[PDB]
């Protein structure tokens, strides 16, 4: 009952990566999450994981709000949970990426939060670093969340319909880790794939993604 996130779990002396139950006031109910305790001192709450395309990401606003998938595998925490957590104090966002050639890279943001649902879960990002490009593949400067059934993007076009999934699409911007999963034999020349432009470019679909958050002050 006292664990608000994976940083609480780690700080209590649990150092093993795996599935934990967290809860914070303002969340609607408890949430099972994967805690990554391995990367740069641990205490990471996973908000997104992909590795095999078993879980479809072509989902509407409501499913992107409440979360989908199972934390033993591929999942999306849900914007309402991301909002509830990142509301409470300053979180940092880390993004683990692997291509199909065995190269691991990461993007990290010192400050991450999102707006509430009436602010379309708008993305706020500051302080990008990492090995996944000098420039941020996520727009830092103000993109709403969009889905196939909610076009909130910065485009006259419908980025979610063109690229698939739910993302902070710009017009349509240099990322979508919630695009279509392509296998090693299909990973090239895909505009609607799992993409991080400043790592592997705009046409390359990545092998695995983990988006994870912890307190800036951890």
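Numbering follows the first chain given and starts at 1.
Asker: Taking the recorded C-alpha temperature factors, which stretch has the higher mean, 25-33 or 156-164?
Answerer: Per the PDB entry, the higher value belongs to 25-33.
Asker: Averaging C-alpha B-factors over each stretch, which comes out higher, 98-106 or 83-91?
Answerer: According to the PDB entry, the answer is 98-106.
Asker: Select one of 41, 60, 174, 189: the residue whose C-alpha shows the highest B-factor in the crystal structure entry.
Answerer: Reading the PDB entry, the winner on C-alpha B-factor is 189.
Asker: Just the C-alpha B-factor column, please: which of 47, 184, 180, 66 has the biggest number?
Answerer: Among 47, 184, 180, 66, the highest C-alpha B-factor in the entry belongs to 184.
Asker: Using the B-factor values recorded in the entry, state whether the Cα atom of residue 115 falls in the lowest, middle or highest third among the modelled residues of its chain.
Answerer: Middle third, going by the recorded CA B-factors of the chain.
Asker: Ranked by Cα temperature factor within the chain, is residue 208 in the lowest third, the middle third or the highest third?
Answerer: Tercile = middle for this residue's CA B-factor.
Asker: Among the modelled residues of its chain, does the C-alpha B-factor of residue 136 lie in the lowest, middle or highest third?
Answerer: For residue 136, the deposited C-alpha B-factor lands in the middle third.
Asker: Determine, from the deposited record, the chain-internal third of the Cα B-factor for residue 8: lowest, middle or highest.
Answerer: It belongs to the middle third of the chain when residues are ordered by C-alpha B-factor.
Asker: Looking at the C-alpha B-factor of residue 20, is it in the lowest, middle or highest third of its chain?
Answerer: Its C-alpha B-factor belongs to the middle third of this chain's values.
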